[PDB]
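Asker: Just final-v8.cif, nothing more (mmCIF, N, CA and C atoms):
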```
data_query
loop_
_atom_site.label_atom_id
_atom_site.label_comp_id
_atom_site.auth_asym_id
_atom_site.auth_seq_id
_atom_site.Cartn_x
_atom_site.Cartn_y
_atom_site.Cartn_z
N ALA A 2 0.83 -1.20 0.00
CA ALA A 2 0.00 0.00 0.00
C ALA A 2 0.86 1.26 0.00
N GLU A 3 0.40 2.30 -0.69
CA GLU A 3 1.16 3.54 -0.80
C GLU A 3 1.01 4.37 0.46
N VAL A 4 2.11 4.99 0.88
CA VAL A 4 2.15 5.88 2.03
C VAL A 4 2.68 7.23 1.57
N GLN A 5 1.86 8.27 1.69
CA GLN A 5 2.24 9.59 1.22
C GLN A 5 1.50 10.65 2.03
N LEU A 6 2.23 11.71 2.39
CA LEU A 6 1.66 12.86 3.09
C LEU A 6 2.05 14.12 2.32
N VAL A 7 1.06 14.92 1.95
CA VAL A 7 1.27 16.15 1.19
C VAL A 7 0.72 17.32 2.00
N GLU A 8 1.61 18.22 2.40
CA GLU A 8 1.24 19.42 3.14
C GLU A 8 1.25 20.64 2.23
N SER A 9 0.49 21.65 2.63
CA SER A 9 0.44 22.93 1.92
C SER A 9 -0.28 23.94 2.81
N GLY A 10 -0.33 25.18 2.35
CA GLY A 10 -1.09 26.22 3.00
C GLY A 10 -0.30 27.20 3.84
N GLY A 11 1.00 26.97 4.02
CA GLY A 11 1.80 27.86 4.84
C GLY A 11 2.03 29.21 4.18
N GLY A 12 2.87 30.01 4.83
CA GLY A 12 3.28 31.28 4.29
C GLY A 12 3.33 32.35 5.36
N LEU A 13 3.40 33.59 4.91
CA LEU A 13 3.49 34.76 5.77
C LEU A 13 2.11 35.37 5.98
N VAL A 14 1.89 35.91 7.18
CA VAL A 14 0.61 36.51 7.54
C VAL A 14 0.86 37.45 8.71
N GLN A 15 0.05 38.50 8.80
CA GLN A 15 0.17 39.48 9.87
C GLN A 15 -0.36 38.93 11.18
N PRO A 16 0.11 39.46 12.31
CA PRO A 16 -0.43 39.03 13.61
C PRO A 16 -1.93 39.26 13.70
N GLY A 17 -2.63 38.29 14.28
CA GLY A 17 -4.07 38.30 14.28
C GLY A 17 -4.71 37.78 13.01
N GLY A 18 -3.91 37.32 12.05
CA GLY A 18 -4.42 36.82 10.79
C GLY A 18 -4.80 35.35 10.87
N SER A 19 -5.09 34.79 9.70
CA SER A 19 -5.56 33.42 9.58
C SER A 19 -4.83 32.69 8.47
N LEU A 20 -4.42 31.46 8.75
CA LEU A 20 -3.88 30.54 7.76
C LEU A 20 -4.57 29.20 7.91
N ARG A 21 -4.57 28.43 6.83
CA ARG A 21 -5.23 27.12 6.80
C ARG A 21 -4.25 26.11 6.23
N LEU A 22 -3.77 25.20 7.07
CA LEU A 22 -2.88 24.14 6.64
C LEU A 22 -3.68 22.91 6.24
N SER A 23 -3.17 22.19 5.25
CA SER A 23 -3.80 20.97 4.77
C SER A 23 -2.76 19.85 4.74
N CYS A 24 -3.26 18.61 4.79
CA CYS A 24 -2.38 17.44 4.74
C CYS A 24 -3.17 16.31 4.08
N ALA A 25 -2.99 16.18 2.77
CA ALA A 25 -3.61 15.09 2.02
C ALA A 25 -2.83 13.81 2.27
N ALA A 26 -3.50 12.79 2.79
CA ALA A 26 -2.90 11.49 3.05
C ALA A 26 -3.52 10.43 2.15
N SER A 27 -2.72 9.42 1.82
CA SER A 27 -3.25 8.27 1.10
C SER A 27 -4.31 7.57 1.95
N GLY A 28 -5.28 6.96 1.27
CA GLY A 28 -6.42 6.37 1.97
C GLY A 28 -6.02 5.34 3.00
N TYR A 29 -4.89 4.66 2.80
CA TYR A 29 -4.40 3.71 3.79
C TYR A 29 -4.13 4.38 5.13
N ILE A 30 -3.72 5.64 5.11
CA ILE A 30 -3.42 6.37 6.33
C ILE A 30 -4.64 7.11 6.85
N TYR A 31 -5.35 7.82 5.97
CA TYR A 31 -6.44 8.69 6.39
C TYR A 31 -7.55 7.94 7.12
N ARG A 32 -7.69 6.64 6.87
CA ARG A 32 -8.81 5.89 7.44
C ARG A 32 -8.52 5.35 8.83
N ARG A 33 -7.34 4.77 9.05
CA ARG A 33 -7.06 4.02 10.27
C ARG A 33 -5.92 4.59 11.11
N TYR A 34 -5.49 5.82 10.85
CA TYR A 34 -4.35 6.39 11.55
C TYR A 34 -4.74 7.65 12.30
N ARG A 35 -4.17 7.82 13.49
CA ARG A 35 -4.21 9.09 14.19
C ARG A 35 -3.30 10.08 13.47
N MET A 36 -3.81 11.28 13.21
CA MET A 36 -3.07 12.28 12.44
C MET A 36 -2.99 13.58 13.24
N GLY A 37 -1.77 14.05 13.49
CA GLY A 37 -1.56 15.22 14.30
C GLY A 37 -0.63 16.21 13.62
N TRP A 38 -0.75 17.47 14.05
CA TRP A 38 0.10 18.55 13.59
C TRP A 38 1.13 18.89 14.65
N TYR A 39 2.38 19.05 14.24
CA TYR A 39 3.46 19.47 15.12
C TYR A 39 4.17 20.66 14.49
N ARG A 40 4.79 21.49 15.33
CA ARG A 40 5.53 22.65 14.85
C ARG A 40 6.87 22.74 15.56
N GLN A 41 7.86 23.29 14.85
CA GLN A 41 9.21 23.45 15.37
C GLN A 41 9.70 24.85 15.04
N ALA A 42 9.75 25.71 16.06
CA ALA A 42 10.28 27.05 15.87
C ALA A 42 11.81 26.99 15.77
N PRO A 43 12.43 28.01 15.19
CA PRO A 43 13.90 28.03 15.12
C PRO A 43 14.51 28.08 16.52
N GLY A 44 15.35 27.09 16.81
CA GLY A 44 16.05 27.00 18.08
C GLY A 44 15.45 26.03 19.07
N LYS A 45 14.26 25.51 18.81
CA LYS A 45 13.59 24.57 19.70
C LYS A 45 13.27 23.28 18.94
N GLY A 46 12.62 22.35 19.64
CA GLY A 46 12.21 21.09 19.06
C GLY A 46 10.73 21.07 18.71
N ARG A 47 10.33 19.99 18.05
CA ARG A 47 8.94 19.84 17.64
C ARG A 47 8.04 19.68 18.86
N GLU A 48 6.88 20.33 18.82
CA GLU A 48 5.91 20.27 19.90
C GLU A 48 4.52 20.03 19.34
N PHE A 49 3.68 19.40 20.17
CA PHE A 49 2.34 19.03 19.75
C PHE A 49 1.47 20.27 19.52
N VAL A 50 0.60 20.19 18.51
CA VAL A 50 -0.34 21.28 18.23
C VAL A 50 -1.77 20.77 18.31
N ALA A 51 -2.11 19.77 17.50
CA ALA A 51 -3.47 19.24 17.45
C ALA A 51 -3.45 17.89 16.76
N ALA A 52 -4.40 17.03 17.14
CA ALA A 52 -4.53 15.71 16.53
C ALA A 52 -6.00 15.33 16.46
N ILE A 53 -6.29 14.33 15.62
CA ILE A 53 -7.67 13.97 15.30
C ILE A 53 -7.69 12.52 14.83
N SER A 54 -8.89 11.92 14.85
CA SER A 54 -9.16 10.60 14.29
C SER A 54 -8.49 9.49 15.08
N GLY A 55 -8.42 8.29 14.50
CA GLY A 55 -7.82 7.17 15.18
C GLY A 55 -8.57 6.68 16.39
N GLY A 56 -9.87 6.95 16.48
CA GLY A 56 -10.66 6.51 17.62
C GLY A 56 -10.56 7.45 18.80
N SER A 57 -9.42 8.12 18.93
CA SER A 57 -9.20 9.08 19.99
C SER A 57 -9.93 10.39 19.69
N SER A 58 -10.34 11.08 20.75
CA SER A 58 -11.00 12.37 20.57
C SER A 58 -9.99 13.42 20.10
N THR A 59 -10.52 14.50 19.53
CA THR A 59 -9.66 15.59 19.09
C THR A 59 -8.93 16.20 20.29
N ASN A 60 -7.65 16.50 20.09
CA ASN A 60 -6.81 17.03 21.16
C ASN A 60 -6.10 18.28 20.67
N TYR A 61 -5.85 19.20 21.60
CA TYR A 61 -5.18 20.45 21.30
C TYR A 61 -4.16 20.77 22.39
N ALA A 62 -3.09 21.44 22.00
CA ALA A 62 -2.23 22.07 22.99
C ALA A 62 -2.97 23.24 23.62
N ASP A 63 -2.75 23.45 24.92
CA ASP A 63 -3.50 24.48 25.63
C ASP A 63 -3.23 25.87 25.06
N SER A 64 -2.05 26.09 24.48
CA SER A 64 -1.71 27.40 23.95
C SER A 64 -2.47 27.73 22.66
N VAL A 65 -3.03 26.73 21.99
CA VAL A 65 -3.75 26.95 20.74
C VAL A 65 -5.23 26.60 20.83
N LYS A 66 -5.69 26.04 21.95
CA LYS A 66 -7.10 25.67 22.08
C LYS A 66 -7.97 26.92 22.08
N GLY A 67 -9.04 26.89 21.28
CA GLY A 67 -9.89 28.04 21.08
C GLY A 67 -9.52 28.90 19.90
N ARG A 68 -8.27 28.82 19.43
CA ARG A 68 -7.80 29.54 18.26
C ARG A 68 -7.67 28.64 17.04
N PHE A 69 -7.13 27.44 17.21
CA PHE A 69 -6.93 26.49 16.12
C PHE A 69 -8.07 25.47 16.11
N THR A 70 -8.34 24.94 14.92
CA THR A 70 -9.38 23.93 14.75
C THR A 70 -8.90 22.90 13.74
N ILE A 71 -8.91 21.64 14.14
CA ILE A 71 -8.51 20.54 13.27
C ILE A 71 -9.77 19.82 12.81
N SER A 72 -9.76 19.34 11.56
CA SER A 72 -10.95 18.73 10.97
C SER A 72 -10.52 17.77 9.87
N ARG A 73 -11.50 17.01 9.37
CA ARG A 73 -11.28 16.02 8.33
C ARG A 73 -12.30 16.23 7.21
N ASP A 74 -11.89 15.88 5.99
CA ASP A 74 -12.75 15.95 4.81
C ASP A 74 -12.66 14.60 4.10
N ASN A 75 -13.72 13.80 4.21
CA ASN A 75 -13.69 12.45 3.67
C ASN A 75 -13.61 12.44 2.15
N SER A 76 -14.16 13.46 1.49
CA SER A 76 -14.13 13.50 0.03
C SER A 76 -12.74 13.80 -0.52
N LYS A 77 -11.79 14.18 0.33
CA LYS A 77 -10.45 14.52 -0.12
C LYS A 77 -9.34 13.79 0.63
N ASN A 78 -9.67 12.97 1.63
CA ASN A 78 -8.68 12.27 2.44
C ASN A 78 -7.66 13.24 3.02
N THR A 79 -8.14 14.39 3.48
CA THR A 79 -7.29 15.50 3.89
C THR A 79 -7.67 15.96 5.29
N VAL A 80 -6.66 16.24 6.10
CA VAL A 80 -6.83 16.83 7.42
C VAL A 80 -6.44 18.30 7.34
N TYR A 81 -7.26 19.17 7.91
CA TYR A 81 -7.03 20.60 7.87
C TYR A 81 -6.73 21.13 9.27
N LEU A 82 -5.82 22.10 9.34
CA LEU A 82 -5.53 22.82 10.58
C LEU A 82 -5.81 24.30 10.33
N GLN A 83 -6.99 24.75 10.76
CA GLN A 83 -7.33 26.16 10.68
C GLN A 83 -6.66 26.90 11.83
N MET A 84 -5.95 27.98 11.51
CA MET A 84 -5.20 28.76 12.50
C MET A 84 -5.72 30.19 12.47
N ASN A 85 -6.52 30.55 13.47
CA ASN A 85 -7.02 31.91 13.63
C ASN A 85 -6.32 32.60 14.79
N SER A 86 -6.39 33.93 14.78
CA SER A 86 -5.78 34.78 15.80
C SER A 86 -4.30 34.44 16.00
N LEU A 87 -3.59 34.35 14.88
CA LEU A 87 -2.18 33.97 14.91
C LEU A 87 -1.34 35.04 15.60
N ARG A 88 -0.26 34.60 16.23
CA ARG A 88 0.66 35.48 16.94
C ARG A 88 2.09 35.17 16.53
N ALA A 89 3.02 35.98 17.03
CA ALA A 89 4.42 35.81 16.68
C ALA A 89 4.99 34.50 17.21
N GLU A 90 4.48 34.02 18.35
CA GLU A 90 4.96 32.76 18.90
C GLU A 90 4.62 31.57 18.02
N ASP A 91 3.63 31.71 17.14
CA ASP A 91 3.23 30.62 16.26
C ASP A 91 4.19 30.42 15.09
N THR A 92 5.18 31.30 14.93
CA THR A 92 6.14 31.18 13.84
C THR A 92 6.97 29.91 13.99
N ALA A 93 6.77 28.96 13.08
CA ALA A 93 7.46 27.67 13.15
C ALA A 93 7.26 26.94 11.83
N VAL A 94 7.95 25.81 11.71
CA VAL A 94 7.73 24.87 10.62
C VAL A 94 6.72 23.84 11.09
N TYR A 95 5.55 23.81 10.46
CA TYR A 95 4.47 22.93 10.88
C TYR A 95 4.54 21.61 10.13
N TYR A 96 4.56 20.51 10.88
CA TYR A 96 4.68 19.17 10.33
C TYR A 96 3.39 18.40 10.56
N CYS A 97 2.91 17.75 9.51
CA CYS A 97 1.80 16.80 9.61
C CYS A 97 2.36 15.41 9.90
N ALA A 98 1.71 14.70 10.81
CA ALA A 98 2.20 13.40 11.25
C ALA A 98 1.05 12.40 11.32
N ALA A 99 1.38 11.14 11.05
CA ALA A 99 0.43 10.04 11.17
C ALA A 99 1.11 8.88 11.87
N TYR A 100 0.42 8.29 12.85
CA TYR A 100 1.04 7.25 13.66
C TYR A 100 -0.03 6.34 14.24
N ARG A 101 0.39 5.12 14.55
CA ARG A 101 -0.45 4.13 15.21
C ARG A 101 0.42 3.36 16.19
N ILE A 102 0.06 3.41 17.47
CA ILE A 102 0.92 2.87 18.52
C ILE A 102 0.75 1.36 18.66
N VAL A 103 -0.41 0.82 18.30
CA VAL A 103 -0.72 -0.57 18.60
C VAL A 103 0.18 -1.52 17.82
N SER A 104 0.17 -1.42 16.50
CA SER A 104 0.86 -2.39 15.65
C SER A 104 2.05 -1.82 14.90
N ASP A 105 1.97 -0.58 14.43
CA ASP A 105 3.02 -0.02 13.60
C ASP A 105 4.11 0.58 14.47
N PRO A 106 5.36 0.12 14.36
CA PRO A 106 6.46 0.79 15.07
C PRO A 106 6.95 2.07 14.41
N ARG A 107 6.19 2.62 13.47
CA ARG A 107 6.62 3.77 12.68
C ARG A 107 5.64 4.92 12.82
N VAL A 108 6.17 6.13 12.66
CA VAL A 108 5.37 7.35 12.51
C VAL A 108 5.80 8.02 11.21
N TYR A 109 4.82 8.50 10.45
CA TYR A 109 5.06 9.07 9.13
C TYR A 109 4.96 10.59 9.20
N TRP A 110 5.99 11.27 8.69
CA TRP A 110 6.08 12.72 8.73
C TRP A 110 5.93 13.32 7.34
N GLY A 111 5.34 14.51 7.29
CA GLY A 111 5.35 15.32 6.09
C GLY A 111 6.67 16.06 5.95
N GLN A 112 6.77 16.82 4.86
CA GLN A 112 8.02 17.53 4.60
C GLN A 112 8.14 18.83 5.39
N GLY A 113 7.04 19.34 5.93
CA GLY A 113 7.07 20.59 6.67
C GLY A 113 6.69 21.78 5.81
N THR A 114 5.90 22.70 6.37
CA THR A 114 5.52 23.93 5.69
C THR A 114 5.74 25.10 6.63
N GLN A 115 6.33 26.17 6.10
CA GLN A 115 6.71 27.31 6.92
C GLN A 115 5.51 28.22 7.19
N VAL A 116 5.39 28.67 8.43
CA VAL A 116 4.36 29.62 8.84
C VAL A 116 5.07 30.77 9.55
N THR A 117 5.06 31.95 8.93
CA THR A 117 5.73 33.12 9.47
C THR A 117 4.69 34.18 9.83
N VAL A 118 4.80 34.73 11.03
CA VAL A 118 3.89 35.77 11.51
C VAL A 118 4.76 36.99 11.82
N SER A 119 4.88 37.89 10.85
CA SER A 119 5.69 39.09 10.98
C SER A 119 4.80 40.33 11.01
N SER A 120 5.24 41.34 11.75
CA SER A 120 4.49 42.58 11.92
C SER A 120 5.00 43.61 10.91
N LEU A 121 4.47 43.52 9.70
CA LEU A 121 4.79 44.48 8.65
C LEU A 121 3.63 44.64 7.68
#
```
So, in terms of structure tokens, how does the structure I just supplied come out?
Answerer:
Amino acid sequence: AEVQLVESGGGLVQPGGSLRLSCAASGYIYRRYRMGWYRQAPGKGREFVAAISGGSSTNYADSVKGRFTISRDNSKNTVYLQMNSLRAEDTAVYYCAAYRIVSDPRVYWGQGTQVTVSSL
């Protein structure tokens, strides 16, 4: 079975703005895998942002709860991360991830998409 993760939607935006990240996964992943978003700012490591599906309820980091919204679109096999009320601390490389703890010893990562929040 094919395994592929395609991210998009990043870029530059003013503080208080909105960006929408997407992650199209192959049907083998989108159906039976937990899929989460992680971000890595320059100088730090990857940290949890939001996750969905996989039988588990939707989860958010406390710093983004109420601002970010994760969702699924069955007609596109795509997970979306809506980011509203963005701030400078949100500047990072956002990674889409898919993993299953029970049987698969692997976690699948996307290539990363840049999200910059500059005041100009």
Asker: Suppose a student applies the PyMOL selection byres (((chain A and resi 61-74 and name CA) around 8) and name CA) to this structure; what residues should they get, written as a PyMOL selection string?
Answerer: chain A and resi 49-53+59-60+75-87
Asker: Just write the chosen residues, N, CA and C atoms, as a PDB file, in the frame of the given file.
Answerer:
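File written: result_8.pdb
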```pdb
ATOM      1  N   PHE A  49       3.680  19.400  20.170  1.00  0.00           N
ATOM      2  CA  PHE A  49       2.340  19.030  19.750  1.00  0.00           C
ATOM      3  C   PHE A  49       1.470  20.270  19.520  1.00  0.00           C
ATOM      4  N   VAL A  50       0.600  20.190  18.510  1.00  0.00           N
ATOM      5  CA  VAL A  50      -0.340  21.280  18.230  1.00  0.00           C
ATOM      6  C   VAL A  50      -1.770  20.770  18.310  1.00  0.00           C
ATOM      7  N   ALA A  51      -2.110  19.770  17.500  1.00  0.00           N
ATOM      8  CA  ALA A  51      -3.470  19.240  17.450  1.00  0.00           C
ATOM      9  C   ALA A  51      -3.450  17.890  16.760  1.00  0.00           C
ATOM     10  N   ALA A  52      -4.400  17.030  17.140  1.00  0.00           N
ATOM     11  CA  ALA A  52      -4.530  15.710  16.530  1.00  0.00           C
ATOM     12  C   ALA A  52      -6.000  15.330  16.460  1.00  0.00           C
ATOM     13  N   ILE A  53      -6.290  14.330  15.620  1.00  0.00           N
ATOM     14  CA  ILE A  53      -7.670  13.970  15.300  1.00  0.00           C
ATOM     15  C   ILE A  53      -7.690  12.520  14.830  1.00  0.00           C
ATOM     16  N   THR A  59     -10.520  14.500  19.530  1.00  0.00           N
ATOM     17  CA  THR A  59      -9.660  15.590  19.090  1.00  0.00           C
ATOM     18  C   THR A  59      -8.930  16.200  20.290  1.00  0.00           C
ATOM     19  N   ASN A  60      -7.650  16.500  20.090  1.00  0.00           N
ATOM     20  CA  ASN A  60      -6.810  17.030  21.160  1.00  0.00           C
ATOM     21  C   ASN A  60      -6.100  18.280  20.670  1.00  0.00           C
ATOM     22  N   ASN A  75     -13.720  13.800   4.210  1.00  0.00           N
ATOM     23  CA  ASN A  75     -13.690  12.450   3.670  1.00  0.00           C
ATOM     24  C   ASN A  75     -13.610  12.440   2.150  1.00  0.00           C
ATOM     25  N   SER A  76     -14.160  13.460   1.490  1.00  0.00           N
ATOM     26  CA  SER A  76     -14.130  13.500   0.030  1.00  0.00           C
ATOM     27  C   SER A  76     -12.740  13.800  -0.520  1.00  0.00           C
ATOM     28  N   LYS A  77     -11.790  14.180   0.330  1.00  0.00           N
ATOM     29  CA  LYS A  77     -10.450  14.520  -0.120  1.00  0.00           C
ATOM     30  C   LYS A  77      -9.340  13.790   0.630  1.00  0.00           C
ATOM     31  N   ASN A  78      -9.670  12.970   1.630  1.00  0.00           N
ATOM     32  CA  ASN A  78      -8.680  12.270   2.440  1.00  0.00           C
ATOM     33  C   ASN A  78      -7.660  13.240   3.020  1.00  0.00           C
ATOM     34  N   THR A  79      -8.140  14.390   3.480  1.00  0.00           N
ATOM     35  CA  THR A  79      -7.290  15.500   3.890  1.00  0.00           C
ATOM     36  C   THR A  79      -7.670  15.960   5.290  1.00  0.00           C
ATOM     37  N   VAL A  80      -6.660  16.240   6.100  1.00  0.00           N
ATOM     38  CA  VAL A  80      -6.830  16.830   7.420  1.00  0.00           C
ATOM     39  C   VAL A  80      -6.440  18.300   7.340  1.00  0.00           C
ATOM     40  N   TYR A  81      -7.260  19.170   7.910  1.00  0.00           N
ATOM     41  CA  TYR A  81      -7.030  20.600   7.870  1.00  0.00           C
ATOM     42  C   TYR A  81      -6.730  21.130   9.270  1.00  0.00           C
ATOM     43  N   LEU A  82      -5.820  22.100   9.340  1.00  0.00           N
ATOM     44  CA  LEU A  82      -5.530  22.820  10.580  1.00  0.00           C
ATOM     45  C   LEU A  82      -5.810  24.300  10.330  1.00  0.00           C
ATOM     46  N   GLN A  83      -6.990  24.750  10.760  1.00  0.00           N
ATOM     47  CA  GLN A  83      -7.330  26.160  10.680  1.00  0.00           C
ATOM     48  C   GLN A  83      -6.660  26.900  11.830  1.00  0.00           C
ATOM     49  N   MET A  84      -5.950  27.980  11.510  1.00  0.00           N
ATOM     50  CA  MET A  84      -5.200  28.760  12.500  1.00  0.00           C
ATOM     51  C   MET A  84      -5.720  30.190  12.470  1.00  0.00           C
ATOM     52  N   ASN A  85      -6.520  30.550  13.470  1.00  0.00           N
ATOM     53  CA  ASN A  85      -7.020  31.910  13.630  1.00  0.00           C
ATOM     54  C   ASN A  85      -6.320  32.600  14.790  1.00  0.00           C
ATOM     55  N   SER A  86      -6.390  33.930  14.780  1.00  0.00           N
ATOM     56  CA  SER A  86      -5.780  34.780  15.800  1.00  0.00           C
ATOM     57  C   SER A  86      -4.300  34.440  16.000  1.00  0.00           C
ATOM     58  N   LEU A  87      -3.590  34.350  14.880  1.00  0.00           N
ATOM     59  CA  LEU A  87      -2.180  33.970  14.910  1.00  0.00           C
ATOM     60  C   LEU A  87      -1.340  35.040  15.600  1.00  0.00           C
TER      61      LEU A  87
END
```
Asker: At a cut-off of 5 Å, using all atoms listed in the file, what residues contact residue 94 of chain A? Leave out same-chain residues fewer than 2 positions from it and give the result as a PyMOL selection string.
Answerer: chain A and resi 40-42+92+96+114-116
Asker: Could you work out an axis-aligned bounding box for all listed atoms of segment 17-36 of chain A, with 3 Å added on each of the six sides, and give its centre and edge lengths in Å to one decimal, as lines of an AutoDock Vina configuration file?
Answerer:
```
center_x = -5.6
center_y = 21.0
center_z = 7.7
size_x = 12.4
size_y = 40.6
size_z = 19.2
```
Asker: According to DSSP computed on the backbone, where in chain A is there strand (DSSP E)? Give the residues as a ChimeraX atom specification.
Answerer: /A:6-9,12-14,20-26,35-41,48-53,60-61,69-74,79-84,93-100,108-110,114-118
Asker: For atom N of residue 13 of chain A and atom N of residue 118 of chain A, determine how far apart the two atoms are, in Å to one decimal place.
Answerer: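 Taking atom N of residue 13 of chain A as the start and atom N of residue 118 of chain A as the end point, the length is 6.4 Å.
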Asker: Find the distance between atom N of residue 4 of chain A and atom CA of residue 55 of chain A and write it in Å to one decimal.
Answerer: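 Pair atom N of residue 4 of chain A / atom CA of residue 55 of chain A returns 17.5 Å.
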Asker: Quick one: which residues end up in the PyMOL selection byres ((chain A and resi 28) around 8) for this structure, as a VMD selection string?
Answerer: chain A and resid 3 to 5 25 to 27 29 to 34 77 to 78
Asker: Output the residue selection produced by the PyMOL selection byres (((chain A and resi 98 and name CA) around 6) and name CA) on the file above, formatted as a PDB file with N, CA and C atoms, in the coordinates of the input.
Answerer:
```pdb
ATOM      1  N   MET A  36      -3.810  11.280  13.210  1.00  0.00           N
ATOM      2  CA  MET A  36      -3.070  12.280  12.440  1.00  0.00           C
ATOM      3  C   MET A  36      -2.990  13.580  13.240  1.00  0.00           C
ATOM      4  N   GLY A  37      -1.770  14.050  13.490  1.00  0.00           N
ATOM      5  CA  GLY A  37      -1.560  15.220  14.300  1.00  0.00           C
ATOM      6  C   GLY A  37      -0.630  16.210  13.620  1.00  0.00           C
ATOM      7  N   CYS A  97       2.910  17.750   9.510  1.00  0.00           N
ATOM      8  CA  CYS A  97       1.800  16.800   9.610  1.00  0.00           C
ATOM      9  C   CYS A  97       2.360  15.410   9.900  1.00  0.00           C
ATOM     10  N   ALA A  99       1.380  11.140  11.050  1.00  0.00           N
ATOM     11  CA  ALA A  99       0.430  10.040  11.170  1.00  0.00           C
ATOM     12  C   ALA A  99       1.110   8.880  11.870  1.00  0.00           C
ATOM     13  N   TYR A 109       4.820   8.500  10.450  1.00  0.00           N
ATOM     14  CA  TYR A 109       5.060   9.070   9.130  1.00  0.00           C
ATOM     15  C   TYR A 109       4.960  10.590   9.200  1.00  0.00           C
ATOM     16  N   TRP A 110       5.990  11.270   8.690  1.00  0.00           N
ATOM     17  CA  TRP A 110       6.080  12.720   8.730  1.00  0.00           C
ATOM     18  C   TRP A 110       5.930  13.320   7.340  1.00  0.00           C
TER      19      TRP A 110
END
```
Asker: Please run DSSP on the backbone and report, as a PyMOL selection string, all residues within segment 4-119 of chain A that come out as helix (DSSP H, G or I).
Answerer: chain A and resi 28-33+89-91
Asker: Quick check, in Å to one decimal: how far apart do atom C of residue 108 of chain A and atom N of residue 19 of chain A lie?
Answerer: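 Straight-line distance from atom C of residue 108 of chain A to atom N of residue 19 of chain A works out to 28.9 Å.
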Asker: For residue 89 of chain A, find every residue with an atom within 8 Å (counting only C-alpha atoms), except residues of its own chain fewer than 6 positions away, and show them as a PDB file with N, CA and C atoms, keeping the file's coordinate frame.
Answerer:
```
ATOM      1  N   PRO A  16       0.110  39.460  12.310  1.00  0.00           N
ATOM      2  CA  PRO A  16      -0.430  39.030  13.610  1.00  0.00           C
ATOM      3  C   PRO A  16      -1.930  39.260  13.700  1.00  0.00           C
ATOM      4  N   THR A 117       5.060  31.950   8.930  1.00  0.00           N
ATOM      5  CA  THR A 117       5.730  33.120   9.470  1.00  0.00           C
ATOM      6  C   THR A 117       4.690  34.180   9.830  1.00  0.00           C
ATOM      7  N   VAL A 118       4.800  34.730  11.030  1.00  0.00           N
ATOM      8  CA  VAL A 118       3.890  35.770  11.510  1.00  0.00           C
ATOM      9  C   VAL A 118       4.760  36.990  11.820  1.00  0.00           C
ATOM     10  N   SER A 119       4.880  37.890  10.850  1.00  0.00           N
ATOM     11  CA  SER A 119       5.690  39.090  10.980  1.00  0.00           C
ATOM     12  C   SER A 119       4.800  40.330  11.010  1.00  0.00           C
TER      13      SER A 119
END
```
Asker: Measuring between only C-alpha atoms, which one of A:46, A:38, A:120, A:8 shows the shortest distance to residue 24 of chain A?
Answerer: A:8
Asker: Nearest to residue 35 of chain A: which of A:2, A:121, A:102, A:93 is it, counting only C-alpha atoms?
Answerer: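 Of all the options, A:102 lies closest to residue 35 of chain A.
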Asker: Between A:54, A:11, A:95, A:17, which has the minimum distance to residue 111 of chain A (counting only C-alpha atoms)?
Answerer: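 When distances to residue 111 of chain A are compared using only C-alpha atoms, the smallest one comes from A:95.
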Asker: Mind completing segment 64-72 of chain A with N, CA, C and O atoms? Output as a compact mmCIF listing (two decimals), keeping the file's coordinate frame, please?
Answerer:
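Result file out.txt:
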```
# COMPACT_ATOMS: atom_id res chain seq x y z
N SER A 64 -2.05 26.09 24.48
CA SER A 64 -1.71 27.40 23.95
C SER A 64 -2.47 27.73 22.66
O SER A 64 -2.54 28.90 22.29
N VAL A 65 -3.03 26.73 21.99
CA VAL A 65 -3.75 26.95 20.74
C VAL A 65 -5.23 26.60 20.83
O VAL A 65 -5.96 26.85 19.87
N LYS A 66 -5.69 26.04 21.95
CA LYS A 66 -7.10 25.67 22.08
C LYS A 66 -7.97 26.92 22.08
O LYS A 66 -7.69 27.89 22.79
N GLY A 67 -9.04 26.89 21.28
CA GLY A 67 -9.89 28.04 21.08
C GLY A 67 -9.52 28.90 19.90
O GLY A 67 -10.37 29.65 19.40
N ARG A 68 -8.27 28.82 19.43
CA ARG A 68 -7.80 29.54 18.26
C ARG A 68 -7.67 28.64 17.04
O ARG A 68 -8.05 29.04 15.93
N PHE A 69 -7.13 27.44 17.21
CA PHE A 69 -6.93 26.49 16.12
C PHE A 69 -8.07 25.47 16.11
O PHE A 69 -8.67 25.18 17.14
N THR A 70 -8.34 24.94 14.92
CA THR A 70 -9.38 23.93 14.75
C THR A 70 -8.90 22.90 13.74
O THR A 70 -8.54 23.26 12.61
N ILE A 71 -8.91 21.64 14.14
CA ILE A 71 -8.51 20.54 13.27
C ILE A 71 -9.77 19.82 12.81
O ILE A 71 -10.75 19.71 13.55
N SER A 72 -9.76 19.34 11.56
CA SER A 72 -10.95 18.73 10.97
C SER A 72 -10.52 17.77 9.87
O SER A 72 -9.35 17.72 9.47
```
